[PDB]
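Both ligands and their constituent atoms are indexed starting at 1 by order of listing. Throughout, numbering of the chain's residues begins at 1 and tracks the sequence.
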Amino acid sequence: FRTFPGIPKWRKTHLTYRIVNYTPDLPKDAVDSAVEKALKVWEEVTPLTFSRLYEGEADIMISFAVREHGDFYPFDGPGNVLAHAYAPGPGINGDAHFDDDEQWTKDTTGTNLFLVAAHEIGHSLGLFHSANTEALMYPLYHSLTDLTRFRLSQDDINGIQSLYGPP
Ligand SMILES: O=C(O)CNS(=O)(=O)c1ccc(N2CCC(c3ccccc3)CC2)cc1
Ligand SMILES: [Ca+2]
Ligand SMILES: [Ca+2]
Ligand SMILES: [Ca+2]
Ligand SMILES: [Zn+2]
Ligand SMILES: [Zn+2]
């Protein structure tokens with residue numbers, strides 16, 4: 001595993017998130033479902049808990065956007081960068097943005113929202129890229145033949161517990 005430079009981490013175990021807006025591609029229940037499953041993956045292996053805000057500033061602001069969208073890294077149209085997220089801290093730190101020029105899916109065929117969200121939340125928590133080709137935090141996107149076979153690798157677990165400890 002790898003962490004970010006200077007090891008940013010949250011110094012608190014109760015985090016909040018807000019889904020500020022929604023993709024055209026999926027019903028809202030499918031996107032809520034994807035992000036809460038993505039939160040849950042990390043919750044199980046740490047002492048962190050997440051709760052949702054419907055207004056105000058949450059720690060992790062989640063949104064869908066195209067091209068230039070209010071930070072230093074505009075999205076780039078279809079393909080290439082699918083999403084990005086910032087390391088722990090105030091303001092834009094912690095946040096995750098998804099490129100809505102992708103076509104988001106629930107299935108194993110397109111660009112799957114759950115797999116990407118789980119990866120991005122790894123960033124939001126302080127993890128950078130892994131060299132393990134098994135790891136969630138591997139730098140190159142791919143999906144699975146069967147989503148029910150999804151699991152965190154030992155590397156992702158070792159990485160995240162280095163920051164926050166076990167549950
Ligand atoms: O976030 C960045 O770094 C930059 N954005 S990006 O759009 O290039 C990017 C987005 C996602 C991934 N993923 C890595 C592998 C993965 C996975 C892992 C195990 C089993 C199934 C699927 C699913 C997400 C990698 C890069
Ligand atoms: Ca934030
Ligand atoms: Ca893109
Ligand atoms: Ca889209
Ligand atoms: Zn952004
Ligand atoms: Zn990444």
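- The environment of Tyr73 atom OH is sparse: at most 12 non-hydrogen atoms of other residues, nucleotides or ligands sit within 6.0 angstrom.
- Between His69 and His84, a ring centre-to-centre spacing shorter than 6.0 Å is recorded.
- Checking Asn21 against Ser63 by side-chain atom types alone, no donor-acceptor pair falls below 3.5 Å.
- Note on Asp25: counted as a metal contact of the Ca ion (ligand 4), an N/O/S atom lying under 3.0 Å.
- The atom name of the N/O/S atom in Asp59 closest to the Ca ion (ligand 2) is O.
- Residue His97 approaches the Zn ion (ligand 5) most closely through its N/O/S atom ND1.
- A donor-acceptor pair shorter than 3.5 Å cannot be found between the side chains of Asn112 and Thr105.
- Inclusion of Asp95 in the first shell of the Zn ion (ligand 5) is not supported: no N, O or S atom falls under 2.8 Å.
- Aromatic ring centres of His14 and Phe50: separated by at least 6.0 Å.
- Considering the Ca ion (ligand 2) as centre, the angle to O of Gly91 and to O of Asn93 is 90° (10° rounding).
- Centred on the Ca ion (ligand 4), the angle running from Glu102 (O) to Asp100 (OD1) is recorded as 110°, rounding to 10°.
- Closest approach between the Ca ion (ligand 2) and any N/O/S atom of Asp95 involves OD1.
- In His69, the N, O or S atom that comes nearest to the Zn ion (ligand 5) is NE2.
- A 6.0 Å sphere centred on CZ of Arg151 holds no more than 12 heavy atoms belonging to other residues, nucleotides or ligands.
- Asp71 contributes OD2 as its N, O or S atom closest to the Zn ion (ligand 5).
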